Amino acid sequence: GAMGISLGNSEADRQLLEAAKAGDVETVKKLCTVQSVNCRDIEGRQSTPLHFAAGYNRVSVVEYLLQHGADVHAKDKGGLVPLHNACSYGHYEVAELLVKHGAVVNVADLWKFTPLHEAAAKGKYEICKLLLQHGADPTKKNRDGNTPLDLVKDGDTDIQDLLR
C-alpha cells in the first residue's frame, strides 16, 4: 500500500474538516462516522474536526462532534488540543463544552503552554475563571519560565486577583 514518503487525506476527510471549520452542520452530520470523526488534517498541522470547530466557535458542531466520539485529547503537531484553540480565540461556550466532556485543563503544548496561559494572555476573565474552577494551575511555567499570571495584561488587577 501507501507506506513510504507519501502523505495526504481522502476527499471525504477533507470535506469533513472543511465543513467543521465552516460550521456546515449538515455536511458534518452526513460525513461524521466512527471512522472519520477524529481524522487529521495531514496537509496542515494535523488538526481534527474538533480543533477546527473549537477554533471557529462553531458551538453546535462542537456539540454534535462531542456527542459522536470526538476526542478532546487529540493533539495537533505542536501539542495543541481543541481546548487550547478555544481559549486562545476566546470562545467561552466552546471551552465550557469541552471541559464538561472531560478535557484536561492542565495539558501542555510543545512549549509547555496550558489553556490557562492562552486565556490569561488573551485576557478572557470568564474563561480563566472556568479553567481555575476545573483545576487549572496558575503557577505552571511554560518554556520561557512564564506562568499564566506572568502573561496577564500589564496592570490588569481584576484578572491578576482571580489568578492569585
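Start at 1 and count along the sequence shown; that's the residue number. In this text, rigid core is short for the largest set of C-alphas that superpose within 1.5 Å between two forms.
Please tell me which region, 33-41 or 52-60, has C-alphas lying farther from the displayed form on average in 8 other deposited structures of this protein, with superposition done on the core. Larger mean C-alpha displacement, comparing 33-41 and 52-60 in 8 other deposited structures of this protein, is found in 33-41.
Please compare 17-25 with 151-159 and name the stretch with the higher mean C-alpha B-factor in the deposited structure. Here the higher of the two C-alpha B-factor means belongs to 151-159.
28-36 versus 51-59 - greater average Cα B-factor per the deposited record: Taking the mean C-alpha B-factor of 51-59 and of 28-36, the larger value falls to 28-36.
Between 108, 120, 132, 99, let me know which has the highest C-alpha B-factor in the entry? Top of the list by C-alpha B-factor: 99.
Lowest, middle or highest third of the chain for the C-alpha temperature factor of residue 128? As the PDB entry reports it, the C-alpha B-factor of residue 128 lands in the lowest third of its chain.
Residue 93 CA temperature factor, ranked by third within the chain: It belongs to the highest third of the chain when residues are ordered by C-alpha B-factor.
Ranked C-alpha temperature factor of residue 138 among modelled chain residues, by third: CA B-factor rank for residue 138: middle third.
How does the C-alpha B factor of residue 104 compare with the rest of the chain: lowest, middle or highest third? Tercile = highest for this residue's CA B-factor.
Where does the C-alpha B-factor of residue 42 rank in its chain, lowest, middle or highest third? It belongs to the middle third of the chain when residues are ordered by C-alpha B-factor.
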